[PDB]
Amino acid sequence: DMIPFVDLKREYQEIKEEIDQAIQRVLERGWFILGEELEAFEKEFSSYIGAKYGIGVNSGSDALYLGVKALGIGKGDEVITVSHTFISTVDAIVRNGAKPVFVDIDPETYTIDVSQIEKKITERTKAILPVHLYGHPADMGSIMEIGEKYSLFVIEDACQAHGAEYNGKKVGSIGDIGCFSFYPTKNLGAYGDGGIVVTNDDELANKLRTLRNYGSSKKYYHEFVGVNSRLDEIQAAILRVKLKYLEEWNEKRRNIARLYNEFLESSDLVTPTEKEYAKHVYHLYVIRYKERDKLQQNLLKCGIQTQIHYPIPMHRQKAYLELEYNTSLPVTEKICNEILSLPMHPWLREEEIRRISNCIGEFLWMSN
């Protein structure tokens, strides 16, 4: 009777026969690492995004970390990014020995405020790392203008944005590299950890294939210090099945967002925006409210689970307090106190959306 924030059981039941067939093929072949399923998924996913090359890795975290590393970013370099993002966006910078320089967000889109990027550029800047947060693209026209003018790499964190578009172009295909997660709750999810880097640069693609394979480019050789970060054959096989459903499942998410907007736009809750330049894929459906703690408790009393993405922004996290530059991010700090994520996934039932709307309506009545 509780409405959980996610329920991956529903997905498996919808595609059980195709998933079981894919897994069985890999077990029968006895080839689990760096095989034909991974090569085919890399080709299929890169073709879907409109990039020449795909390089499957163990996680979105590693896609970002290895992408920063392959671009030669490290000690003495700066990367401009947001504080309003998941951990791994900033760890990708710090683990390479570079330093983040934070920019505030646009309060409408929850993405990097492109009017505040240029004032952060120094002689040490090497890249801009925009985040397509919640499934909405960052304003990539302004970001690419700045990257061209200042000769900076553009690294897209598309981990929440599989299939999102900026002026009709798939996010992840615009910057030098695009990074995605296949964590199981992502819009395209594996049944374990996974991720990918996409690029049009063959030399960068080759460097990423060496780095992910213990820093070995040919059998017996160790050209530089690398990692073990590979997308398993079994997960690649699962992802080839699910990729064929991704456009359908994103349309389901967008239809749920349309229904929530019908019930909530008129309400005191600030509903998420889709800009004219955007195709939003609603990895998360995020509202803002002055009393979001009171609203979260009331939704739970109605049997509805919610989450916050994320209540402590990265510039306030213990991991970074000593190493980070001094920064002022008033919009990020205010937003993180006001946001709440409502249930959002392709398998939410009619009985769920109207029930969530009715709970919010009754709450706002009793509050006013």
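Residue numbers here begin at 1 and follow the sequence given.
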| query | finding |
| --- | --- |
| Mean C-alpha temperature factor, higher of 42 to 50 and 321 to 329 | 321 to 329 |
| Entry-level comparison of average CA B-factors, 113 to 121 and 210 to 218, reporting the higher stretch | 210 to 218 |
| Selection by C-alpha B-factor (highest) of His309, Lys69, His315, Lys301 | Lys301 |
| Chain-relative CA temperature factor third for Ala98 | middle |
| Cα B factor band for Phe32 (lowest, middle or highest third within the chain) | middle |
| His280, C-alpha B-factor rank within chain (lowest, middle or highest third) | lowest |
| Chain third (lowest, middle, highest) by recorded CA B-factor, residue given as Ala158 | lowest |
| Chain third (lowest, middle, highest) by recorded CA B-factor, residue given as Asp104 | lowest |
